[PDB]
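Alright, two takes on the same chain below, each alone as structure tokens: structure 1 and structure 2.
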Structure 1
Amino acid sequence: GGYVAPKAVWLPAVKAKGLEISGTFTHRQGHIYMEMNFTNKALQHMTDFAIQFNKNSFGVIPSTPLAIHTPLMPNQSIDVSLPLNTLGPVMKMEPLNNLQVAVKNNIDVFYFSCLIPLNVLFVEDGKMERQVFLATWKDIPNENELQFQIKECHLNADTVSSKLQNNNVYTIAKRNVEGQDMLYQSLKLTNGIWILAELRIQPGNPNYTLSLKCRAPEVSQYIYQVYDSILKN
């Protein structure tokens, strides 16, 4: 499986009259989930749950209701796996992967925000054929190409490739040039955006150079973030 960030308290009890929601995002074999735990720290039950997300950059929306079907009793905790899809309304967020959520019960409507790790939006069919990669790389205007240093990285090229592939970042080609490993990689987002990469791993050099080309270059910074998180974990 891909990288999953540690669970975080998205909505602490103190902000929601005893309601506490902690969660993380996963991508399982097709499918995006918001994996959550709901705890009622109040003295009265909570029921009539509903959820909606603000319009957001990748059109993320719940695909089912919250699986909470009876009152959540004082001091009770329930684990809830909420499937999501990317067929909902779109609006640019800042940061790009920010997600504003509204949860209501019988007591009130509460609001929190959380970042969607950009990796959970990497699709399975993101492996570009070699020759299409070549044509696509050449076609993206070179002013779109942005370079990042993945600093202080102590992994080898095979481990780099294997970790990235576990997260739907595919190594399409490999070359060794002057003792430096060159990996050519591709990924595609849920909204159809293709990102192409050249990663250069140099002798005893602790900084890898990551060159990204994307027709939407504002996304590239976010992809660098992701590579860094994957390779550091």
Structure 2
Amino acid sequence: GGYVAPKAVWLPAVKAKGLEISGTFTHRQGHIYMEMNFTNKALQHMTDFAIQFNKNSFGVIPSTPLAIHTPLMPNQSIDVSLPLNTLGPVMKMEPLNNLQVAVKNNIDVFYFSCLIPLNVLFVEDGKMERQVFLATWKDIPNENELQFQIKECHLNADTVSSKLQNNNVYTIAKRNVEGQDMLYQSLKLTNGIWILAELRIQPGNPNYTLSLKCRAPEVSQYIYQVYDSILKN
């Protein structure tokens, strides 16, 4: 599969009268899940669990209600796997990948925010055709090209192209010019937006240069960030 961040407290217990929630996001067999854990660090049982996502850039929405049809007892801890889809109300957020969430129990409604790792939103179908890559790279306005440095990374081209493909970032073509390795790479997000990349590897220096061309280039920062976490874990 792709890279999955270890979960992280999203809702501290002290901010929700003992209800602690922690989570991550996954993309497995082309379906997106919010992978949660609820722990009851409160004095009494918790019931009537429910979830709502607010309006967000990628129009992310759960596919079912929260399936925890159970009383959550003190010091009890459970893993919930909430399926998601991107058919819901869209609205460009700041930061672009911030999701506002509200969880309800018998006690109250609690609000929290978390950042969707953009790689879970990369679709299985992001491998551009080479001539189409060529022409599209030529096509995107040239001020829509952005340059990034992948720091202290020591993996070779094969390993980089391998890791990256596990996350639906495709390696279209490979060019070795001047002992510097060059990888051409497309990815497609869930809202259709393409990201084309040229990644540049050179023995000697443990810093990779990442050239991203996207039609909405405000995305590209978040794409690099994801390149960085992928190639570092």
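Basically, rigid core = biggest C-alpha set you can superpose within 1.5 Å across the two forms. All residue numbers here refer to structure 1's sequence, counted from 1.
- Here the two forms are overlaid on the core, and between structure 1 and structure 2 the C-alpha of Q76 is the only one among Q147, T86, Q76, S81 to shift by 2 Å or more.
- If you overlay the core, the Cα of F49 moves by 1.6 Å between structure 1 and structure 2.
- With both forms fitted on their core, the C-alpha atom of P203 sits 2.3 Å from where it sits in the other form; this compares the forms between structure 1 and structure 2.
- Fit the two forms on the rigid core and the C-alpha of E129 turns out 0.9 Å off between structure 1 and structure 2.
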